[PDB]
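What follows is a single structure, written as structure tokens, with notes after it.
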Amino acid sequence: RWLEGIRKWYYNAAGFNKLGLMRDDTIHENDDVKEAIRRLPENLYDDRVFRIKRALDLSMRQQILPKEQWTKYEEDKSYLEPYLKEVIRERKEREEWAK
Amino acid sequence: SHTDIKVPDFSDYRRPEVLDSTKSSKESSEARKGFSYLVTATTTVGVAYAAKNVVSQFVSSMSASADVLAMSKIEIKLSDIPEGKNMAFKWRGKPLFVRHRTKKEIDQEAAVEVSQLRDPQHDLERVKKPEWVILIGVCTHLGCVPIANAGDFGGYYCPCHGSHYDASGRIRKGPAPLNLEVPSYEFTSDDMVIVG
Amino acid sequence: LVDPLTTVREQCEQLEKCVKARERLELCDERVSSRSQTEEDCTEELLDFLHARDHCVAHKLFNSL
Amino acid sequence: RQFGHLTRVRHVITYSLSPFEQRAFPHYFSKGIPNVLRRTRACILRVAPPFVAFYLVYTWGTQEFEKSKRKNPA
Amino acid sequence: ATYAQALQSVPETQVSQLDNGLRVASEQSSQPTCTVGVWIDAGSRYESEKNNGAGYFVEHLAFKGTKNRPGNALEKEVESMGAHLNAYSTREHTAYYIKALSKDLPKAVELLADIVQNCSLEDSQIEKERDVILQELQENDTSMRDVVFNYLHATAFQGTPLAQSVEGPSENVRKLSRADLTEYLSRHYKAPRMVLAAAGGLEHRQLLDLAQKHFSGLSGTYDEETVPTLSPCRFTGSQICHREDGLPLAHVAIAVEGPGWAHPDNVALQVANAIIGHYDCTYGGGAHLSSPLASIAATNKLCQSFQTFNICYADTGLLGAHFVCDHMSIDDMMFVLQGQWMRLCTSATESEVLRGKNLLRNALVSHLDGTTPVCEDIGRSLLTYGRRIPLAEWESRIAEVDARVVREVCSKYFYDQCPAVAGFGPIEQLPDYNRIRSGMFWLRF
Amino acid sequence: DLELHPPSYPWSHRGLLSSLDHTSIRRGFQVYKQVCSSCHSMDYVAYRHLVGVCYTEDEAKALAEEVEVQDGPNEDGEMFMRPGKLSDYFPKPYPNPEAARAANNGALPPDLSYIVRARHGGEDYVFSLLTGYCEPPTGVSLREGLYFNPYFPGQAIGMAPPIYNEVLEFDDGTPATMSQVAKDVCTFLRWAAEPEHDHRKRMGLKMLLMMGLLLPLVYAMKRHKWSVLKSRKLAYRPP
Amino acid sequence: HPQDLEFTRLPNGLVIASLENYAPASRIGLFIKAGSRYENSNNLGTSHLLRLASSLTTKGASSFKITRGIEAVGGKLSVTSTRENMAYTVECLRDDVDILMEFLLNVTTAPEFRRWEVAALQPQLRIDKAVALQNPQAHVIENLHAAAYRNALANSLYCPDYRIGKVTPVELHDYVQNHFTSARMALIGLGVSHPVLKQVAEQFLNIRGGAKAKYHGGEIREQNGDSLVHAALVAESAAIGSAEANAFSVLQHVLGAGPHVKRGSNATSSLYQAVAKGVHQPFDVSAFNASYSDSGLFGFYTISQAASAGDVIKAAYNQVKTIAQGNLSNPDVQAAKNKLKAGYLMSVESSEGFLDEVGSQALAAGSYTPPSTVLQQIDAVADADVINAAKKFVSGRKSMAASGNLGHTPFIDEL
Amino acid sequence: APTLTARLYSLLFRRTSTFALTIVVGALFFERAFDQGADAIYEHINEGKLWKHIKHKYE
Amino acid sequence: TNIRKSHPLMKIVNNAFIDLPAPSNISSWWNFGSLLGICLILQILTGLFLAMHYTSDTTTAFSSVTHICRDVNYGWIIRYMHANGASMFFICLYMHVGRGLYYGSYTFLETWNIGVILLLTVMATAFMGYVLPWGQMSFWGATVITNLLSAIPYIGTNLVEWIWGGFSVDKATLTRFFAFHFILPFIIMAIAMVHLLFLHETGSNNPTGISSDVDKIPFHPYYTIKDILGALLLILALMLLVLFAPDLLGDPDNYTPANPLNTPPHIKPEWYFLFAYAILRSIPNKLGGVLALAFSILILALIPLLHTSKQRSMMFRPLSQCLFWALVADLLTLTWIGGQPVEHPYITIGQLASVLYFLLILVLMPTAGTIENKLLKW
Amino acid sequence: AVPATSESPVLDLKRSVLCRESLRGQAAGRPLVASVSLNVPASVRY
Ligand SMILES: COc1ccc2c(=O)c(C)c(-c3cncc(-c4ccc(OC(F)(F)F)cc4)c3)[nH]c2c1
């Protein structure tokens, strides 16, 4: 609400957008995230694969995209949320049942 | 269609020789390989120069240090030893006998029987000058220091077991297998000798 | 026989940084040598002078050798 | 895991040239210099300020040690 | 009656030319059937970027009517005389030919002439055959072989007309008007660029007179500005990798720059390619196959199939191999393939070259079996070489190749040379270009 | 306990590739010989070490023969004294440290073999020490025997000013001023602590040049191989 | 010296035929009555393994030598099976014919079928069949026969899945010993003298000797969810060699028997136009005519969209009914004859296809009918004979086979 | 006429046997050239300072 | 098929060093692994060649090391290669660890922990190496540092005299320090093979902290050619020290022989321990000081547990980046302060730096991760 | 000696058919033949 100014600043400071990455591409793969990724549909998975491949390739050259091509803050879809949320929600059910 | 795929323009990256799309790269292929393999070849010559020096130094380390070469050789003054007398010296932690030999000792050790000796060596090949005989003062059987001007054969004698050496340093009567050892040496100026 | 050292030590002594430090030295010279019973001395002031002097001496002593 | 068992990838084309067809140093200064300045500008005020602070705490503490060893006028 | 003798009494190929410049070529034998056709120096290499796929578009329209025989009249007349009408287009050669009864050769030649010269190219027929080509382009996407070879050319001859596919990009197919097609035709379909070839039961003299009667109107002049000369095509050592793990088997196509049609070296290169040869999983031989690449491939189940090729264009070509294999076998296939190229370069033996020779002798003598392949050999040889090369001459060139030649010739094109690589499918294992390029030499020879 | 560190004198061996002045070493040896060698030991330098550096084989043999040294035992079982040779090290003034202290009022004169390497400042420090002896400032006096030096730590040292004008005649006839005598002996003590100096810097030059050649060549080999990847273009072609 | 065919039948039954044409290459074919029809329910797929099994070790030559020796001289050894015959064929340059002939005789007259080699080969049945069944025509034609017959011709060219891994050495020996005999064999040759073939056949091919196909009428339906439905509908036709068979061959070309112009709309094909009148989406239709010693099948094969299969098959079947009712002009029957006449001469144009016709005739008939006599027999087919062939098909008991999503494909009794 | 790099390739670098012999020969010629040339640069930089330069005064 | 994948020895080499899939994008900070291996081999050779001329007897020890540098052929260049090679080792080690911290490679727990052990062993080796010359800083450094263990209650005093083999650092101590110093590098060699054995289960991390399975390139040639270049630059740094500044990173007082009476002015360990030496001296109590010196290194094993960020690398994390570079600058301050006398203002600065070290690792960098997450709605 | 019109692989996805012009020629007209060899790819004919 009030910190939306800082969220927007931090987003650009972090600078994963300069490699044409969305935030959910940068998430550290633990066992939940692996499973969440594994549950993505063809389209969302292959886009993830490309976006990362492109970022890795840019990282290799120590370059960034043109500013037009940077991920806009507003257009950063949280594509992994609904899958990851449920993977975690599932695990916590098993962990509860185990006591 | 896959026919819509067109290969990107690599002109920024290409070598000058292969920029012209209407010309055959085969002319320049001989050259372009030459350039890149020259760099590789030059590099290897550089690395070889280095590794040669590095290895060669490490190998040099194990060869005798300057302080061991310092004790390698010993200078002896020939005018300080009179005709007949033996003079002992300290050489590589050993005694070193140099002996000025007389007209008599030279001729008496010249016409000795060659076969009768246990270790057959003639006198003219045991020494470089006839009037000087240089020997290691270590008894060859079980290691003692022979005493000069004594024994039956009038040269060196050992009171350890029962060895008798002549004036040329050759074993005559006793348990010793080899003769007294003839070291490596050379006379420099006529007054001096370096042993080693 | 004159030492090149003592010549150059004089030459360097007549510069602003030396002469200002030499006055600092002389101030406490006739402060401690005039006053009685104080354990203060004048080592510090001499070292200020020598640091400035011998820095200059170094810059051209080896020309005469 | 050997090549052939790493991961799943689909619909990704890669074009590339032989190293005998191309240059080792294309636009090395032309594009290199500005890319360096971009990279330097990007990290400068994350990397540098701590080392400026070290330089200050160093030069402060060093000549403070010198002053402390001088006598006080008393 | 020995083999050397047999070659001497093979029917010679006749050669005559018209005023306009159309060459008439003929091989005759007492046969009740024949094949005759028109071969043209025209294709994708002669097309620019804005008209690419025109020659393919034309091919579709060729048999859909003429001014003399509108619509399906052309079609009906071929069918009712038992004739078989057919066409193909390569990057350098378009060709239309007809297989007919020998007595019907006059009508056969007449109909060919009507197709070439008086082609209707109707407005509605164009817009119909537009969608047909778009669906063929989609079918072709499902042929991994077709795709990988188009990729090889696209990267091998990049930035030239040889990189272009015969069928053209869909953008051109969707936009090419009838003005483009008629302009393409009058520029490229000229008597000196064309050959009327015929084989079967036919007097050469009669064919020449039939050529006069129907192909005399063919234009064989060029106006002062412009005349279609092919520029050379730059080969580039390059790689194109279309990674698609959703497909079950990987297609790889690798090649070095070949010499092109006219060069004699092609004979020694055919012998070398015959040694390595070809294979697939239905071959009876397996482990005991003579080719070491095939026996290794069969015993270790490396690939499903492979062939060596040597594809010739005017002043250049593609010399190498294509294979189809499991996603875990690509590195091992490449290793053994490149290993064979190096072994031939450095250390080919007399007995294996003798085998290669005997394969090649057999290859081109049994290929020329029936009138159609003989007609086609006549048509294209006149375009590529300027003449038909008799079997007796091929045999002389083949006998000249010994182990020393195969070494020296293979070392010219293969050894320490940059290839073009194309891969398609699950190609994660497909070796890096540097590893491929380093595999074009040995640290010993 | 204030401190005056030495200034950086422009030595003839100061620079990266600059060798020792060997004529200065030859003089400096004589300053150790004539002045120091009755007070300081220099155990790691022998008369052979001088050869091919500041003296010939024959000169070094003469310098070695000049001095006494113990050797033994002889066959009687006694320790005799003999004229020195190249293999002998520079002879110690006293038999032991405890004897040395008695001769210098409690203080032990340090061995000079490594004194340039064993003191911060090195030859700059020693030169300042030898030439920096002066009268004490007002408010100062030490024990009878401890002299005032502004460069010594704690401001007071137990060494009498060892050098002055014409404290020796040099073999090559250089006017032996206090500064000249200090400069030469420091140059010798530099070599004493670090004989490798000249070879070390010769090696340095050859290393710098080989690196000047190999680094850009190996870097070019790197860029050549990597040019496959740096050029590459990617394309995403989903259905 | 222009040359014509020589022919001999030895008193032991065996036929030798050979045209010495002085070409560089030499084709030799040993044709044997040993096709899939001579299997029974106990040894099904034995002839399939036998087809894959040349280049296994023989008595006079190893498995290694057969491959290496033939490849050494640039040659080829092929084995071709129909339902009725097997054909072992060798090619080479004419100087190496006696090397290839030695291998050919070893393969056919003295195979060892070693337990370990035969067992090692069993997986090849799976691969070869798998490949073949990529063509949906193979599914349908193999099923069509299985539907149409009770016994011999019902048998598939490919080994049924359950038998793969279980075809024994004994079965292979039995099959060869019982079917590869002088009375069932014809040795055909190009580019070789007749006397030396004859002498080979007397010395190496004199080997001592060792049920009728019942038509049934049935249907087999492969449900598999393809968007295209392959389908064939046939009735009992006529035995090859009979004059009625020629009438069916003409009826085939009246109706339409595959394409003449590339990318053409088939303007003279009666079936294709009959179907194309109603349905304009992608399809193909052709008359189907197989002809055997005992029997034959004639009908038509459709390839259509799943939903339109009903419409396409009925449209095609209606076209045969109008031909059978009498709607058939001379210009059609003349055109159809010209196709058949041209197709036959074109099939024997190459020396490969010529060898196949010489050997094919030599088994199913006594001797060689020349091309001029065959064309005269085609001309002998009257318009009346064509209408009878069609009438026979319409009233004849039907056999059918389909593959695809068959939701709209009719049954035989829906037609 | 082909370029210099091309002559070097065809004659020396193509066969790996000649490529190796070239490196070994070149290394000998380089060693002595570089050493002699680098020592000159060192001894000129330190003219009159080395024992080598002042040797003659005591012989 | 090839005899690189088939032969039992070449198989290991082919999969771990040639066809090894490496990320396309690993930077210069990934070269330090191979350079540590080169350092280890370099120390072992030079070390072995020194051991052919050295003796561990207290009377002859200092003399043997000088005898190496004066009389043994190229013994000086070997000796100073070995001493500066130890510095080059520690430079390489801290760069290598810093990479791990910044890019979050420590998530590879087993690889990381074995790392900590390697670090500790190279420290133990280098501590005992510096004693062998038997100079002042050698002897007095060893005396003070060892005698820290007397701060342990009940046993401490016994423990110290058992390490020594007597009542001070003398004859039995030097001899065993030579024996342990010889054997440990070989133990390091083995533990380093276990280190890589775990690394090859996961493959390498890269600068993004994002999985690189979609863009792996074979180690050969790409990283074999980089490692050659790296080794070349390592040798430059080493030989720049050996040939132009061999004493720069050592101390003068280790050129006077060890004297049990004469104490040096400001006794200290070699530069690469000074940071932890400063932390020891911050705490006034001695046992507390030892437990802080111990925890200043062992806290590396704690780092993985303290990770809070949902992103692995610091690449996309500005707050953490700054705090990281603060932590580096702080270590540079502790190294400076470690080298100073215990006096004003170096006591207070040292205390302030030592608090900031532990504050950065245990509180600020974890908080920063959680703040960064909440800034991304995570 | 000569390679076939089509190289045969198992487990390789089929070529699709999308129009009349490519689908004609496929309708079977005559009974099956099966050939196998040493050198040439295996084929199945109408
Ligand atoms: C992500 O990068 C990786 C991955 C894995 C490994 C790995 O398993 C091992 C063992 C090393 C390694 C360790 N020690 C020494 C070397 C070395 C030795 C000699 C060389 O030759 C040269 F210097 F050029 F002359 C070059 C490198 C390499 N480096 C690695 C790097």
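Note on naming: chains are A, B, ... as they come in the structure tokens, residues start from 1 per chain, ligands start from 1 in the order shown.
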Stretch 343-349 of chain I environment, 10 Å, only C-alpha atoms, sequence neighbours closer than 6 positions dropped, as a list in words: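 In the requested form, the answer reads residues 57, 58, 60, 61, 62, 63, 64, 65, 68 and 69 of chain D; 278, 281, 282, 283, 333, 334, 336, 337 and 355 of chain I.
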Protein and nucleic acid residues within 7 Å of ligand 1 (only C-alpha atoms and all ligand atoms) as a PyMOL selection string: chain I and resi 16-17+22+30-31+33-38+196+204+223-224+227-229+231
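Among the residues of chain J, backbone DSSP assigns helix (DSSP H, G or I) to residues 20, 21, 22 and 23 of chain J.
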Selected residues, N, CA and C atoms, written as an mmCIF file, in the first residue's frame, please.
```cif
data_model
loop_
_atom_site.group_PDB
_atom_site.id
_atom_site.type_symbol
_atom_site.label_atom_id
_atom_site.label_comp_id
_atom_site.auth_asym_id
_atom_site.auth_seq_id
_atom_site.Cartn_x
_atom_site.Cartn_y
_atom_site.Cartn_z
ATOM 1 N N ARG J 20 -5.344 -33.866 -50.119
ATOM 2 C CA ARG J 20 -5.565 -34.828 -51.224
ATOM 3 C C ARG J 20 -4.294 -35.145 -52.017
ATOM 4 N N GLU J 21 -3.558 -34.095 -52.385
ATOM 5 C CA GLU J 21 -2.395 -34.207 -53.277
ATOM 6 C C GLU J 21 -1.262 -35.090 -52.728
ATOM 7 N N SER J 22 -1.105 -35.130 -51.403
ATOM 8 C CA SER J 22 -0.131 -36.017 -50.741
ATOM 9 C C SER J 22 -0.703 -37.400 -50.401
ATOM 10 N N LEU J 23 -2.019 -37.473 -50.185
ATOM 11 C CA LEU J 23 -2.710 -38.721 -49.816
ATOM 12 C C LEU J 23 -2.970 -39.695 -50.988
#
```
Chain H residues near chain F (12 Å cut-off, only C-alpha atoms) as a PyMOL selection string: chain H and resi 30-31+34-59
7 Å contacts from chain F to chain D using only C-alpha atoms, as a PDB file with N, CA, C and O atoms, in the first residue's frame:
```
ATOM      1  N   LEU F   2      58.717   7.003  21.354  1.00  0.00           N
ATOM      2  CA  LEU F   2      58.309   7.534  20.048  1.00  0.00           C
ATOM      3  C   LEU F   2      59.165   6.814  19.009  1.00  0.00           C
ATOM      4  O   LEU F   2      60.086   6.081  19.384  1.00  0.00           O
ATOM      5  N   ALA F 220      44.053 -15.484 -26.019  1.00  0.00           N
ATOM      6  CA  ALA F 220      43.551 -15.629 -27.398  1.00  0.00           C
ATOM      7  C   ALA F 220      43.066 -17.050 -27.705  1.00  0.00           C
ATOM      8  O   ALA F 220      42.053 -17.219 -28.382  1.00  0.00           O
ATOM      9  N   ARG F 223      39.658 -17.279 -26.020  1.00  0.00           N
ATOM     10  CA  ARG F 223      38.610 -16.571 -26.769  1.00  0.00           C
ATOM     11  C   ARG F 223      38.235 -17.304 -28.065  1.00  0.00           C
ATOM     12  O   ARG F 223      37.081 -17.258 -28.491  1.00  0.00           O
ATOM     13  N   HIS F 224      39.224 -17.953 -28.686  1.00  0.00           N
ATOM     14  CA  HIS F 224      39.025 -18.771 -29.889  1.00  0.00           C
ATOM     15  C   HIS F 224      38.041 -19.904 -29.604  1.00  0.00           C
ATOM     16  O   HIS F 224      37.000 -20.002 -30.246  1.00  0.00           O
ATOM     17  N   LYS F 225      38.367 -20.739 -28.624  1.00  0.00           N
ATOM     18  CA  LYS F 225      37.483 -21.837 -28.234  1.00  0.00           C
ATOM     19  C   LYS F 225      36.107 -21.340 -27.809  1.00  0.00           C
ATOM     20  O   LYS F 225      35.094 -21.868 -28.254  1.00  0.00           O
ATOM     21  N   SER F 227      34.563 -18.579 -28.572  1.00  0.00           N
ATOM     22  CA  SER F 227      33.828 -17.846 -29.615  1.00  0.00           C
ATOM     23  C   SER F 227      32.611 -18.585 -30.176  1.00  0.00           C
ATOM     24  O   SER F 227      31.728 -17.949 -30.747  1.00  0.00           O
ATOM     25  N   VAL F 228      32.575 -19.912 -30.041  1.00  0.00           N
ATOM     26  CA  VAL F 228      31.402 -20.697 -30.442  1.00  0.00           C
ATOM     27  C   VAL F 228      30.183 -20.289 -29.616  1.00  0.00           C
ATOM     28  O   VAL F 228      29.087 -20.120 -30.161  1.00  0.00           O
ATOM     29  N   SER F 231      29.256 -16.051 -29.642  1.00  0.00           N
ATOM     30  CA  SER F 231      28.524 -15.659 -30.845  1.00  0.00           C
ATOM     31  C   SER F 231      27.074 -16.128 -30.849  1.00  0.00           C
ATOM     32  O   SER F 231      26.213 -15.428 -31.382  1.00  0.00           O
ATOM     33  N   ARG F 232      26.816 -17.303 -30.263  1.00  0.00           N
ATOM     34  CA  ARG F 232      25.578 -18.060 -30.500  1.00  0.00           C
ATOM     35  C   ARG F 232      24.299 -17.253 -30.300  1.00  0.00           C
ATOM     36  O   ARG F 232      24.216 -16.432 -29.397  1.00  0.00           O
ATOM     37  N   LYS F 233      23.302 -17.521 -31.135  1.00  0.00           N
ATOM     38  CA  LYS F 233      21.996 -16.877 -31.037  1.00  0.00           C
ATOM     39  C   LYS F 233      20.955 -17.941 -30.673  1.00  0.00           C
ATOM     40  O   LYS F 233      21.016 -19.065 -31.175  1.00  0.00           O
ATOM     41  N   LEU F 234      20.011 -17.579 -29.801  1.00  0.00           N
ATOM     42  CA  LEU F 234      18.966 -18.489 -29.323  1.00  0.00           C
ATOM     43  C   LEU F 234      17.635 -18.091 -29.905  1.00  0.00           C
ATOM     44  O   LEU F 234      17.393 -16.915 -30.149  1.00  0.00           O
ATOM     45  N   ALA F 235      16.763 -19.068 -30.111  1.00  0.00           N
ATOM     46  CA  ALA F 235      15.417 -18.799 -30.604  1.00  0.00           C
ATOM     47  C   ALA F 235      14.433 -19.771 -29.987  1.00  0.00           C
ATOM     48  O   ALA F 235      14.662 -20.978 -29.996  1.00  0.00           O
ATOM     49  N   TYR F 236      13.338 -19.231 -29.464  1.00  0.00           N
ATOM     50  CA  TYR F 236      12.261 -20.013 -28.879  1.00  0.00           C
ATOM     51  C   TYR F 236      11.148 -20.132 -29.923  1.00  0.00           C
ATOM     52  O   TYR F 236      10.536 -19.136 -30.279  1.00  0.00           O
ATOM     53  N   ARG F 237      10.900 -21.344 -30.415  1.00  0.00           N
ATOM     54  CA  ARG F 237       9.924 -21.579 -31.502  1.00  0.00           C
ATOM     55  C   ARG F 237       8.815 -22.570 -31.101  1.00  0.00           C
ATOM     56  O   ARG F 237       8.699 -23.653 -31.698  1.00  0.00           O
ATOM     57  N   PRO F 238       7.986 -22.199 -30.097  1.00  0.00           N
ATOM     58  CA  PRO F 238       6.917 -23.083 -29.617  1.00  0.00           C
ATOM     59  C   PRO F 238       5.763 -23.206 -30.610  1.00  0.00           C
ATOM     60  O   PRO F 238       5.509 -22.246 -31.331  1.00  0.00           O
TER      61      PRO F 238
END
```
Two-atom distance - atom CA of residue C:60, atom CA of residue C:9 (Å):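 Taking atom CA of residue C:60 and atom CA of residue C:9, their separation equals 10.3 Å.
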Interface residues on chain E facing chain B, 8 Å, only C-alpha atoms, written as a VMD selection string: chain E and resid 137 to 138 140 to 141 147 150 154 to 155 158 to 160 164 to 165 167 to 171 231 to 236
Chain D contacts to chain A at 12 Å (only C-alpha atoms) as number ranges by chain: D: 7-14, 31-32, 34-40, 42-43, 45-46
Emit the selected residues as a short mmCIF file (atom, residue, chain, number, x, y, z; two decimals), in the first residue's frame, including C-alpha atoms.
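Okay, this is what ended up in again.cif:
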```
data_model
loop_
_atom_site.label_atom_id
_atom_site.label_comp_id
_atom_site.auth_asym_id
_atom_site.auth_seq_id
_atom_site.Cartn_x
_atom_site.Cartn_y
_atom_site.Cartn_z
CA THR D 7 16.74 -32.14 -18.26
CA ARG D 8 13.76 -31.67 -20.63
CA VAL D 9 13.89 -28.84 -23.21
CA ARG D 10 11.49 -28.21 -26.10
CA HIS D 11 11.34 -25.82 -29.06
CA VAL D 12 14.67 -24.06 -28.54
CA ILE D 13 16.92 -23.47 -31.56
CA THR D 14 20.61 -22.60 -31.22
CA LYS D 31 31.62 -2.67 -27.07
CA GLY D 32 33.89 -3.86 -24.23
CA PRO D 34 30.96 0.55 -22.38
CA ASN D 35 29.94 -2.89 -21.05
CA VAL D 36 32.67 -2.57 -18.35
CA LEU D 37 31.47 0.92 -17.34
CA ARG D 38 27.89 -0.44 -17.19
CA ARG D 39 29.01 -3.32 -14.98
CA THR D 40 31.17 -1.03 -12.80
CA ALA D 42 25.93 -1.21 -11.51
CA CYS D 43 27.91 -2.60 -8.55
CA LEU D 45 27.75 1.63 -4.51
CA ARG D 46 27.26 -1.91 -3.17
#
```
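Of the residues under consideration (E:185, E:383, E:345, E:409), E:345 shows the shortest atom-to-atom contact distance to chain H when counting only C-alpha atoms.
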Members of stretch 97-288 of chain G assigned strand (DSSP E) by DSSP, as a list in words: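 The strand (DSSP E) subset of stretch 97-288 of chain G is residues 185, 186, 187, 188, 189, 190, 219, 220, 221, 222, 223, 228, 229, 230, 231, 232, 233, 234, 235, 236, 284, 285, 286, 287 and 288 of chain G.
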Test item: residues at most 9 Å from residue F:111, only C-alpha atoms, excluding those fewer than 3 positions along its chain, as an mmCIF file with N, CA and C atoms, in the first residue's frame:
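Dumped to out.cif:
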```cif
data_model
loop_
_atom_site.group_PDB
_atom_site.id
_atom_site.type_symbol
_atom_site.label_atom_id
_atom_site.label_comp_id
_atom_site.auth_asym_id
_atom_site.auth_seq_id
_atom_site.Cartn_x
_atom_site.Cartn_y
_atom_site.Cartn_z
ATOM 1 N N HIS F 40 81.088 -8.065 15.535
ATOM 2 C CA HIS F 40 80.030 -8.886 14.953
ATOM 3 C C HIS F 40 80.560 -10.106 14.241
ATOM 4 N N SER F 41 79.854 -11.216 14.425
ATOM 5 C CA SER F 41 80.047 -12.398 13.610
ATOM 6 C C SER F 41 79.241 -12.259 12.326
ATOM 7 N N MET F 42 79.593 -13.075 11.344
ATOM 8 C CA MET F 42 78.816 -13.189 10.124
ATOM 9 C C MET F 42 78.969 -14.630 9.644
ATOM 10 N N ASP F 43 78.222 -15.518 10.299
ATOM 11 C CA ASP F 43 78.479 -16.967 10.260
ATOM 12 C C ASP F 43 78.186 -17.646 8.919
ATOM 13 N N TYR F 114 72.226 -11.692 8.264
ATOM 14 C CA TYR F 114 70.843 -11.416 7.855
ATOM 15 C C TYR F 114 70.275 -10.088 8.389
ATOM 16 N N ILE F 115 71.129 -9.180 8.857
ATOM 17 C CA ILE F 115 70.649 -7.987 9.570
ATOM 18 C C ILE F 115 69.812 -7.044 8.697
ATOM 19 N N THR I 256 66.132 -13.647 12.392
ATOM 20 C CA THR I 256 66.994 -13.904 13.558
ATOM 21 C C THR I 256 66.589 -15.269 14.130
#
```
